[PDB]
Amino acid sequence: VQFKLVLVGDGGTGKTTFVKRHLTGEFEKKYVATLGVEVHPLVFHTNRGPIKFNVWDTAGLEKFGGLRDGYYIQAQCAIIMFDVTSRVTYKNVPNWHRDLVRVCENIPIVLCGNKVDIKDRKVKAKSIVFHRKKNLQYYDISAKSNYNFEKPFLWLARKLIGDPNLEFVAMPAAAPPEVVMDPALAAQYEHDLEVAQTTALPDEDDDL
C-alpha cells in the first residue's frame, strides 16, 4: 500500500528538513537547496497495516526547479509548505497550489506553516485563511521542536485509506541479537569512541 506524496513550497521553508526528520529522526541545521527533486520511501505502521509514502521532495528555488509541475504527475497527495517567519512564503502558497491542482485536481492536500518554534512569528494565525475555500487541511508545524510533525501524514493516511479512525501504532519490536565484540576490531572501536566523546552533542541548552 504505497502513495506518491508531492512536497512543494518556497526555498528554505523546511521541506527537506521535515522529510529527513521523518526518515532518520535527525534535524539538519544547514540549508542545502534541493536540486529538482529527492524521492524517499517513508513507511508508517497503522492499526490498518503499514502505509508507504513515496515522498517527492521538490526544489522551491526557481533556479533549481528542474521539471517543476513535471514532478506532480500521478501524485495521490501533497503538502504545501511555508515558513511562518517569512510572509513572502505564505504569499506564494496560492502559486504552488495553482501549479499543483492544474496537474492533480482531486487529491488531499495539507498546508503546513513550518518554524512555529521561532518566537518572532511573521505570518500570524489570523492571516492563514487560504486553506478554507481550497479544502486544504492546515497545521502549524515545527520540524525542529516536532510540534504537530506527525499530523500531515496521519491526516493524509486517513484520507488515502478512507478510515477516519486510522492511528499510528507501535511497530512490534523483535528481540535484539546477543553478539560478542570482535578482538580484531576492538582497537578500531576505541578510536571511533574517542572521536565521538570529544565532539560536543548539539543544542546543550534544550530540554533533551
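Quick note: we count residues from 1 along the sequence shown, nothing fancier.
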| property | result |
| --- | --- |
| Selected stretch [higher average CA B-factor]: 119-127 or 76-84 | 119-127 |
| 193-201 set against 9-17, stretch whose average Cα temperature factor tops the other in the entry | 193-201 |
| Out of 145, 58, 165, 148, highest CA B-factor residue | 165 |
| Member of 169, 141, 33, 156 with the greatest C-alpha B factor (per the PDB record) | 169 |
| CA B-factor placement of residue 65, once the chain's modelled residues are sorted into thirds | middle |
